[PDB]
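If you want the building blocks of each chain, they are given just below.
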6 protein chains.
Amino acid sequence: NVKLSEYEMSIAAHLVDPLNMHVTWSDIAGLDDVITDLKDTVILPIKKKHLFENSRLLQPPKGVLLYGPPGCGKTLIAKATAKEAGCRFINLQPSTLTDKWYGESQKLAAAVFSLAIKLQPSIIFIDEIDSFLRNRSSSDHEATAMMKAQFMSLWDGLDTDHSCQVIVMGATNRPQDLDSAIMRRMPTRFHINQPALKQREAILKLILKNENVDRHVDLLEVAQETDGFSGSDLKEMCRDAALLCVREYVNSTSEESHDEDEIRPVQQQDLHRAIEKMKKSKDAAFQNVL
Amino acid sequence: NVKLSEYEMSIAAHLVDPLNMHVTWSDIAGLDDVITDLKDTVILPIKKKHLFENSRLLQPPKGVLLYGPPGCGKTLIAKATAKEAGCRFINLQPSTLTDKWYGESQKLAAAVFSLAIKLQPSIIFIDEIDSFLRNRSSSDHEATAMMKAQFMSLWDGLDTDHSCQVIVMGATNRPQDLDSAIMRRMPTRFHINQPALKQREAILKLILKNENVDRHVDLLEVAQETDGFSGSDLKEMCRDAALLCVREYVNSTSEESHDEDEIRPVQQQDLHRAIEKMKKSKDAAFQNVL
Amino acid sequence: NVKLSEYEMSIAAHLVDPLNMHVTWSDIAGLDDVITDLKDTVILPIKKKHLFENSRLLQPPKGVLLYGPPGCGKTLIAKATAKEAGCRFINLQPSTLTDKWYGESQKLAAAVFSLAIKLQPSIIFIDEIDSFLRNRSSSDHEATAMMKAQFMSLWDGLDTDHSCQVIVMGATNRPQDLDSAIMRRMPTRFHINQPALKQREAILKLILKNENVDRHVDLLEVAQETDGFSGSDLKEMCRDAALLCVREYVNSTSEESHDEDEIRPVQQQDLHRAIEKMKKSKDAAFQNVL
Amino acid sequence: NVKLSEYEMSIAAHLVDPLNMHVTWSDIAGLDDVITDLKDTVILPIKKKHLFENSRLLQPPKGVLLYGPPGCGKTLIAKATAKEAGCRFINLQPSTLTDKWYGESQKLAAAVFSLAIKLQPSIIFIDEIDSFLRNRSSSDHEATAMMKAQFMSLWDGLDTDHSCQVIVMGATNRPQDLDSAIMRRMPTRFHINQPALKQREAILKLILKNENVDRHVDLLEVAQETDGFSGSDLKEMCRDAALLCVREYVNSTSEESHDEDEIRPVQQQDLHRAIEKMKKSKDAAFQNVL
Amino acid sequence: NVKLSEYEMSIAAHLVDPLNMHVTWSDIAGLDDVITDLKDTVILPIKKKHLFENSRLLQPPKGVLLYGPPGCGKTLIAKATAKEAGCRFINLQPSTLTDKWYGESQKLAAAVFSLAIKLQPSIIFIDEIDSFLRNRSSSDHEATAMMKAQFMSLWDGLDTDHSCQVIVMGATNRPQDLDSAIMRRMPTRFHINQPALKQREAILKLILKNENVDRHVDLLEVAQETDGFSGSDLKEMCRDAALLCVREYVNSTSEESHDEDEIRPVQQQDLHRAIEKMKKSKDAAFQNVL
Amino acid sequence: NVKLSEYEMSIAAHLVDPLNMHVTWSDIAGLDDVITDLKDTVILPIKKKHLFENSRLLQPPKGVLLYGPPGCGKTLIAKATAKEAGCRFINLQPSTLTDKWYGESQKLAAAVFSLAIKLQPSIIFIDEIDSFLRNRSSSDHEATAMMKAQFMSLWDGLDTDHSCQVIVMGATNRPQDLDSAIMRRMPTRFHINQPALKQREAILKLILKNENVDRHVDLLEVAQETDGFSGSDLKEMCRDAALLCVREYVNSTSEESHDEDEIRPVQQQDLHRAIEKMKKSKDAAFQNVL
Ligand SMILES: Nc1ncnc2c1ncn2[C@@H]1O[C@H](COP(=O)(O)OP(=O)(O)OP(O)(O)=S)[C@@H](O)[C@H]1O
Ligand SMILES: Nc1ncnc2c1ncn2[C@@H]1O[C@H](COP(=O)(O)OP(=O)(O)OP(O)(O)=S)[C@@H](O)[C@H]1O
Ligand SMILES: Nc1ncnc2c1ncn2[C@@H]1O[C@H](COP(=O)(O)OP(=O)(O)OP(O)(O)=S)[C@@H](O)[C@H]1O
Ligand SMILES: Nc1ncnc2c1ncn2[C@@H]1O[C@H](COP(=O)(O)OP(=O)(O)OP(O)(O)=S)[C@@H](O)[C@H]1O
Ligand SMILES: Nc1ncnc2c1ncn2[C@@H]1O[C@H](COP(=O)(O)OP(=O)(O)OP(O)(O)=S)[C@@H](O)[C@H]1O
Ligand SMILES: Nc1ncnc2c1ncn2[C@@H]1O[C@H](COP(=O)(O)OP(=O)(O)OP(O)(O)=S)[C@@H](O)[C@H]1O
């Protein structure tokens, strides 16, 4: 029902659909405290905004930054917040603004915020935000400065309107590189920390929850052996274990075994061997370093 | 037994026949690790799908991409997987979709996936996938955009149905050209690497396996001298050697030699000379470059 | 009077004739500033070259690229420049170089520039230049690389000769796809922009100039209502209006009306209804998108 | 009253007679929108040309191409336009130009257009236009090239004369085969589409209009059952039904029935059985395919 | 001794006789490298097939295509291979399959391959192969599709039988027109190139070999002056020279010259004048083009 | 004569040719002191290295960095040094290393320095060096770290070998962004400063040196009025002046002026007006800022 210019139709294409996203609060673990903080601060003003207006403050923050090591679940939480918020979420990947030839860039940068302002409430997200305004070339440097100026001016415009309903969000793996202008902005900042021992156990429980598992698995030992890994690496370790079991099954089946079609369930030794091989992969990477 | 529209009958024509294909796992070498990975990941869920459903994951990937230099055996492995999988394989060459005149295009793009969905399990393949959605003309640009949108929408539809049984596959020689939409899709990606020294020796063994060969041939030297070549070039080098032997035989026979009808077997010097001439052909190409 | 090889006779066939082309400077509107820039920079050195040689610079650019959305008049301006320049113009459509079988390709790529160099001054044009060197197949990839190398080498040859008199030109609808080699070449680049409100009014004046029009038509309202369209769509909108008037005339004539043979002139309501129906067609396209 | 050379008298023989043609606008159905477009664009300028000259444009198109699957009524509409236009219509079947021996060919190709130009207004038609310039032999290839060059040159001549009054038309079943030269020509192109459900019902109404029919026939069911057919096949299905009724009549009459000489009128069951047998014929063709 | 159906007797009529063919390897020049390749690849497996079976490969190719400009000797080499191979050669001119009325077509297409399979080894040839499956008419289109399907199915049947001994061959002047199905077939392809300077000298030597020639003729100059011609044109140029000498002889004899009955031998000036007149004929053709 | 791996052949393609570069010491002005420093320090050890080895020091620096505002001539001086040095110059644009998919990256980074080490003496250059090791993505971050480590390790390797003959060079517009690792490297650093009043006058003299100029031009006033510009802007200002003169010439010629074909020479008022218009362009940019 929104009225659009060619620019705003271009932005409308990047808008995500809440009916095709998958992840939810039920599909996240190991961050539940940060989950609680993010939910309470961001989602609550978004969903029922009029409730929180009787205050100069606790108005939804004009900037949210997620910072944490790679593989800690930053993109996962971005998607989960986008879906669970129930609002409109724009994924503003860098190519959207680094228009190398067209003066169309200025109106396009304007149109991003224009569509966001039309669609109230809505959330803007920038993955790899450190790279957002850095690309340079003979045709881009002056245009890069113009894009910088326009983006901060429109951000200040969002700040200026007391009736604004839109938030801007970002993620990054090496956040120190962020420009001082960003550092002065993005007031509220949430650390997506690596999972501790208990958090690692929670992560393993979430992953294994709908795997085929023998009840007598003990995970805390797996939690210790996995302490060197990140969340994505935890996922990939459960991967190596499952595929290892599948390999041994297929190799045993070929030797004239009966066609029962049933597999050995996940057992402690499986994850032990998988973790050893995962550490071997890390060791290959380290030898490449050494 | 399938019920078809004119579109689906048109697609049914492109469907390959598992009774006329030749190549098998017994006719591939130098990639056995990638062969193992492809087999385990793709074929196993395809053949006995119900076995792998007790998991949110290890479900057959929604996209498989093969990337490797020309002549490394990408088409060979595509055919080998198609036959060995035992499923239905559709070869979706570009002309199938670049309908330049008929609005029939939309229904045809729909019918490809329609037939694939009817035929469960089945695999879709696109050779030269980089060129799949690039052809342009005065009558094609808008239709090209429509085809793009429809193909990704139907791909998302395959993703949406948890009961989907169909995979889509692609190959390409210059894969960097691939559109970012493809890059975001095709999660699992297998590198068809060039044969290393040991892999090259394996390739030569496979080729010579049913040639007429003197046992005292030594190949590792041939492996080193062939290191500059690709697999197709290895094949063509064995070609030049065999034909060279045939030429010398016929020239010796004409000079009043007895009609014994027996040829000199493959010997080291034959492949040495053939490889030298092959490098001479490469040198002619290089001089054309220079 | 030129001496030709079979290749150069093949190229000579594609050469356009300045006596059968139609469009002129008198038949172009809405771009007059870009028209002025193109005329001054390109045509002036072409026609009276010796005038501009007393300078290391302002020599005709070694590459001209036209970039603008579809329907903005890129082909029209290409033809207009070709005719008005009075020089020889070669339309180098892609099929000229994508010779799929003959080694004739190399000599053919050479012959294009050979004929251009013989015919001084002359202009080379490549519509859909992005597709110029992209077509690929089992028989084409290596030949594609050879064609690439030859074309840039001959372009560098044109650059090398200070007495060169030939220009190369190109057009494209999605120019970002252009190879970085092209981006490094084609120094002077002209944007064929969409018509603004005043430019749109000029376009409508040009189209209606020799239509049958009632003087009391007001166009600025038509200019606003047409702002969503492109130039080709402006042309097609005047189309729908004229044909609508013809339809109502023929339907009124059949009902025993006198045989006066005179039609209702173009009036505001005609274009209003035609524009509404044109927007309805755009709406049908949008619903197909939605 | 025209003055003729032997060539032009030969062409004059192929000219059709508007007093012996049968079909009219009253004898066509299922295409009425395409009928309207063709009528408005082609016939109106033809009949009262001076009316449309006060425009650079909407002048009768220099080429009309009809493309549609076999049996969709392309020849029928060609004849209907020829008669209803009231102009002179030349049926230029391929043999007219593939003169295998006589240098008479050149003057004959000239004479076709010569007679057309003398006879203003007139329409040239080429059925199976894809085959028009393809026949080859030891005595024909060079002559084939000459014929190609002459035909496009004379077509360009028709384009050149602003006072030209003649149109050229063509039809084809596999139009993709058309040479790129044709594709660049023939600007206006009309799709003779297959009849949709409503169009199929209209076709059946047209066919049955002057058959002997019981009023309680219901056709929409026949329309659905006939959806697999083409227009010619619809005609042939009404054929099988009528002849089936005649067969049962004659077989019932021979058994000492009274000589009343009256037949069972067309009823639903008749067309049901006829359509079943028609689908059986299609099934025999399919089994031949299978 | 073969057992035949009416169809196979009809095909047996087209079979050529190795005792009435003329041309041989001793009567071909200017292609000796392509001659060597064709001989080695085709003839050797044909004549002594059991010699080459100890290999999955170097089995006679399932398709040979000859492509080259008109007059380069394609038919000559076809005949030479047919005779020198010593096998049975079938000349499958297009009329053999374009049966316009009889359902006999299907069995006839079957019978071609049936006789070929009975007669082992044998070679099938199709001149003007591009026209092989293109002829169309109201009575032919569906039959054309049936013929296409049958021919590729029987070709696949030849591919399927590892004991097959028959080859299929084709020639064409404009081979790009070939259907993609053919392009996917016919693996081995030999280019019948135009004669280069040395090849042209060889051609002239072959032609003059048994003419009456003065030893002091120099041909390399004739080779340069003839470079614009093709092989057939070289033959026809030697023609014009010989007939020119005969004309001058007869004109000198009539003027009361003695009845010695001896002619001036071929000398340089004769071929010089003949080549000038030949170029004059080419010039007349060019002026017709211009 | 160098022996190359596929990687080193890929690098060999980027190597520039000293026979096609244009600029020289004779084509640079306004930096002659920095020119002298660069020449003495870099070129002298490069050309006659054995002369400078009798010292632990004044060995060619292991890193040269050029830093200056955009348009000050950094690329010009890079090219001038590359040509005048007479050595081999590699232009290492960022895409060479940001290989997004292939493990080929590691060997490619090695091959850059490998070819440089083989080709002694040679100079490596990185334009936009700040962006050299910054690009990031899901597939690049770990590879980015690996590339960083490899590049500094190979740089340390160049430092380690006392017989090293290769230099590495870089340029950048916003050099503060440079990583601290770079800051610790690149010992010798040359500032490409903006032209002062005298330097600006020298720049104008260089540009006008082979323009058509009236001797009574006074430049110091032009030098003051141009003080706000950069070198590229100085060039573009001389541009606007020359083109302005050409425009007035062409407009005066059309009005029935005699065909003398002579233009008004460059005069003070021309540059005055051109500079005013240039400042107007700067003012438009400023208003966009404001
Ligand atoms: N706490 C968690 N709960 C569930 N999944 C997690 C968690 N942490 C990480 N993951 C997994 O990590 C994956 C991807 O890693 P992410 O950290 O979300 O991506 P990322 O943060 O963008 O890393 P990069 O380097 O920026 S691409 C998903 O497949 C998640 O399942
Ligand atoms: N590992 C291998 N084992 C057996 N044959 C191989 C192998 N690698 C390459 N080949 C041969 O390579 C051939 C064709 O090369 P492919 O790499 O399969 O085709 P391709 O990948 O499509 O190359 P292009 O450039 O895309 S056509 C076949 O004849 C194979 O026998
Ligand atoms: N400024 C203009 N003045 C006159 N005609 C114009 C103008 N802009 C567009 N047109 C019309 O646009 C037509 C064709 O559109 P073009 O833009 O020239 O073709 P194009 O740029 O090649 O578009 P594509 O997508 O590349 S085929 C012609 O019929 C012109 O009359
Ligand atoms: N819409 C229609 N109205 C009336 N008759 C139709 C219609 N469509 C097809 N026909 C019948 O179709 C017949 C012949 O088919 P056509 O399509 O006109 O011939 P065609 O297009 O040349 O087919 P081919 O394959 O080219 S011979 C005539 O007998 C018509 O009566
Ligand atoms: N290398 C050659 N050696 C001998 N005769 C040749 C040679 N090349 C061409 N000819 C002559 O060319 C003749 C006929 O030309 P061909 O090329 O064999 O026929 P073609 O290839 O079918 O041409 P078309 O256009 O297809 S009929 C014969 O009379 C040959 O003597
Ligand atoms: N001192 C100078 N002498 C001659 N030409 C100069 C001088 N300074 C700048 N230029 C001109 O400046 C041009 C390009 O500007 P450069 O400064 O060399 O490029 P640059 O340093 O890469 O700028 P960017 O922003 O990095 S693309 C060339 O056309 C030179 O002619």
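As deposited, the entry is annotated with cryo-EM as its determination method and 4.25 Å as its resolution.

Caption draft 1: Up close: the overall build of chain A. A count of helical and extended segments in chain A gives 10 helices and five strands. Along the three orthogonal principal directions, the C-alpha set of chain A runs to about 70 × 50 × 35 Å. For chain A, the proportion of its 290 residues judged to be buried stands at 42%. In chain A, once contacts between residues fewer than 6 apart in sequence are set aside, the share between residues at least 24 apart is 82%. Surface summary for chain A: the accessible area is close to 16100 Å², and the carbon and sulfur share equals 51%.

Caption draft 2: Seen up close, the interface of chain B and chain A. Across the contact, 13 residues belong to chain B and 16 residues belong to chain A. Buried area between chain B and chain A, both sides added, is near 1400 Å², and the carbon and sulfur share of it is 55%. Of all residues in chain B, the largest losses of buried area upon contact with chain A belong to B:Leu51, B:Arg56 and B:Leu57, amounting jointly to 35% of the total for that side. For the interface between chain B and chain A, the tally reads one salt bridge. The partner of B:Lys48 in a salt bridge is A:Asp261, and the shortest N-O contact between them spans 2.9 Å. Run the count over chain B and chain A and you get four residue pairs in polar contact. When its residues are assigned to classes, the side of chain B that touches chain A shows five nonpolar, three polar and five charged.

Caption draft 3: Just the site of ligand 1, in detail. The full set close to ligand 1 counts 13 residues, and A:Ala29, A:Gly73, A:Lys74, A:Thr75 and A:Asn173 are the nearest of them. The site occupied by ligand 1 is bordered by residues of chains A and F. The contact in question runs from an oxygen atom of ligand 1 to an N or O atom on the side chain of A:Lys74, over 2.2 Å. Contact between ligand 1 and A:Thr75: an oxygen atom at 2.6 Å from a side-chain N or O atom of the residue. Taken by itself ligand 1 offers 640 Å² of open surface, and the protein chains cover 78% of this. Tallied by class, the residues present in the shell around ligand 1 amount to six nonpolar, six polar and one charged.

Caption draft 4: Examining the side chain of C:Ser230 more closely. Relative to the helices and strands, C:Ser230 is located in the loop between α8 (220-225) and α9 (231-254). Every residue in contact with C:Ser230, bar those within four places of it in the chain, is listed here: C:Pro70 and C:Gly71.

Caption draft 5: Focus on the pattern of salt bridges. Applying the stated criterion across every chain yields a total of 42 salt bridges over all chains. Between B:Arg264 and B:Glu248 there is a salt bridge, with its nearest N and O atoms 3.9 Å apart. With a gap of 16 residues between them, B:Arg264 in the loop between α9 (231-254) and α10 (268-289) and B:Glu248 in helix α9 connect regions that are remote in the sequence. Accessibility expressed as a relative area gives 56% for B:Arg264, which makes it exposed. As a salt-bridge pair, C:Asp156 and C:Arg185 come within 2.5 Å of each other at their nearest N and O atoms. With C:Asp156 in helix α5 (residues 141-160) and C:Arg185 in the loop between α6 (180-184) and β5 (188-191), this residue pair connects regions lying 29 residues apart in the sequence. For C:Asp156, a relative accessible area of 33% translates into the label partly exposed. We classify C:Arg185 as buried; its relative accessible area is 18%.

Caption draft 6: Seen up close, the packing of aromatic side chains. Tallied over the entire structure, the rule returns 28 aromatic pairs over all chains. Centre to centre, the rings of B:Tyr102 and D:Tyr67 are 6.1 Å apart; their planes meet at 15 degrees, and the pair counts as stacked. With B:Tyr102 in the loop between β2 (88-91) and α4 (104-118) and D:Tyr67 in strand β1 (residues 64-67), the pair connects residues from two separate chains. Of the two residues, B:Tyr102 and D:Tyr67, both sit in the buried class. Pairing C:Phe151 with C:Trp155 gives two aromatic rings, centres 5.9 Å apart and planes at 65 degrees, and the pair type is edge-to-face.

Caption draft 7: Main features of the arrangement of the chains. No interface is formed between chain A and chain E, the nearest pair of C-alpha atoms being 29 Å apart. At the level of C-alpha atoms, the two units chain D and chain F stay apart, their nearest approach being 29 Å.

Caption draft 8: Molecular detail of the interface of chain F and chain C. Of the residues lining the interface, 16 residues belong to chain F; the matching set on chain C comes to 13 residues. Both sides together, the interface formed by chain F and chain C hides about 1300 Å², and carbon and sulfur atoms give 55% of it. When the area that chain F buries against chain C is broken down by residue, the three leading residues are F:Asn210, F:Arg239 and F:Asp261, summing to 33%. Our count for the contact surface shared by chain F and chain C stands at one salt bridge. Where chain F touches chain C, the interface holds two residue pairs in polar contact. For the side of chain F that touches chain C, the element with the highest residue contribution is helix α9 (residues 231-254) of chain F, accounting for seven residues.

Caption draft 9: Seen up close, the pairing of strand β1 (residues 64-67) of chain B. All names here are of chain B. Going residue by residue along β1, you find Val64 and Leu66 tucked away on one face and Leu65 and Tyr67 tucked away on the opposite face as well. Examined bridge by bridge, β1 and strand β4 (residues 167-172) share four bridges and lie parallel to one another. The residue bridging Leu65 from the neighbouring strand is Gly170, located in β4. Looking at chain direction, β1 and strand β5 (residues 188-191) are connected through four bridges and run parallel. Residue pairing across strands places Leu66 opposite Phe190, the latter belonging to β5.

Thresholds applied
Residues numbered from 1 in each chain as written, not as in the entry; some residues may be left out. Chains lettered and ligands numbered in written order. Heavy atoms only, no water. Helix = DSSP H or I, 4+ residues; strand = E, 2+ residues; numbered from the N terminus. Buried < 20%, exposed > 50% of the residue type's maximum accessible area, 1.4 Å probe, protein only. Contact = heavy atoms within 4.5 Å. Areas by Shrake-Rupley, 256 points an atom, 1.4 Å probe, with all protein chains shown as cover. Buried area = accessible area lost by both parts, 1.4 Å probe. Salt bridge = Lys/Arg side-chain N within 4 Å of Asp/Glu carboxyl O. Polar contact = N/O pair within 3.5 Å; in protein donor to acceptor, adjacent residues only side chain to side chain. Nonpolar A, V, L, I, M, F, W, Y, C, P; charged D, E, K, R; others polar. Near = heavy atom within 4 Å. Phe/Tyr/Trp six-rings, centres within 6.5 Å; stacked < 30°, edge-to-face > 60°. Pairing = 2+ DSSP bridges.

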